[PDB]
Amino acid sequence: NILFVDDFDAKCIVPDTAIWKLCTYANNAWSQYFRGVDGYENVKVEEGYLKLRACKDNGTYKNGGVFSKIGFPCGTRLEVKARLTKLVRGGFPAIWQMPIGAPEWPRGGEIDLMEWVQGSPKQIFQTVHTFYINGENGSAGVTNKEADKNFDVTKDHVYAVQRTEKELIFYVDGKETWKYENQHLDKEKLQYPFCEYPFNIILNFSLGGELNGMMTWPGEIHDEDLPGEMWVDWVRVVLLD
């Protein structure tokens, strides 16, 4: 039972303009290099892929990224098939979900299906953020510490999360990796916001380096590794029985 699918196979050179919006600048690790990105110069649909490019164009770092204007209810599973063309040191690709119409981050939560950093290059990270975990200042969230440490992100993999009232279940390649569970605390504690808001889909290949002279988690950008691309074959949202 398919609620939403984009196979990026439309007769169009950009992703569906009603569904997908270009990521915009903000002063954070994932967003800083959307600044001065001219329209779709780092985003295209080609040969059945959404291709998100990270590059340096005349000394300016530029990220490739879109987010969905639509969001999805609980009782659903998101599956995203993607690969990186190349390992890029300082590269910071991600597949993730934000609440639509939540209060300020992280009070509505955040679900990361995939993040990659050079600091652990044979891994991907799957992570959850809430106000209960992060409070006002925290950014680490709760990550799968037992994540696969012999993993090649440059091959096609299906990254997935199943979201119910009870829990988030993470998968890689159809194999359960971990669960983040509803603790059923007073809603006041903001421990499990994941079913109060529709959640969207965010697909990006960002660049790290320093943010206001502090080294970001993805670490030092090696310009010799650029350009790089994340190729998304498809995204789908399945409605559970």
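Numbers follow the displayed sequence, beginning with 1.
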{"property": "Comparing 114 to 122 with 77 to 85, the one whose average Cα B-factor in the PDB entry is higher", "result": "114 to 122"}
{"property": "Greater mean Cα temperature factor according to the PDB record, 162 to 170 or 146 to 154", "result": "146 to 154"}
{"property": "Residue with highest C-alpha B-factor in the PDB entry, from 182, 200, 216, 206", "result": "216"}
{"property": "Residue, from 93, 101, 135, 109, that the PDB entry assigns the highest Cα B-factor", "result": "135"}
{"property": "Relative C-alpha B-factor of residue 241, binned into the chain's lowest, middle or highest third", "result": "highest"}
{"property": "Ranked against its chain, the third holding the CA B-factor of residue 212", "result": "highest"}
{"property": "Chain third (lowest, middle, highest) by recorded CA B-factor, residue given as residue 13", "result": "middle"}
{"property": "Ranked against its chain, the third holding the CA B-factor of residue 61", "result": "highest"}
{"property": "Third of the chain, ranked by Cα B-factor, where residue 229 sits", "result": "middle"}
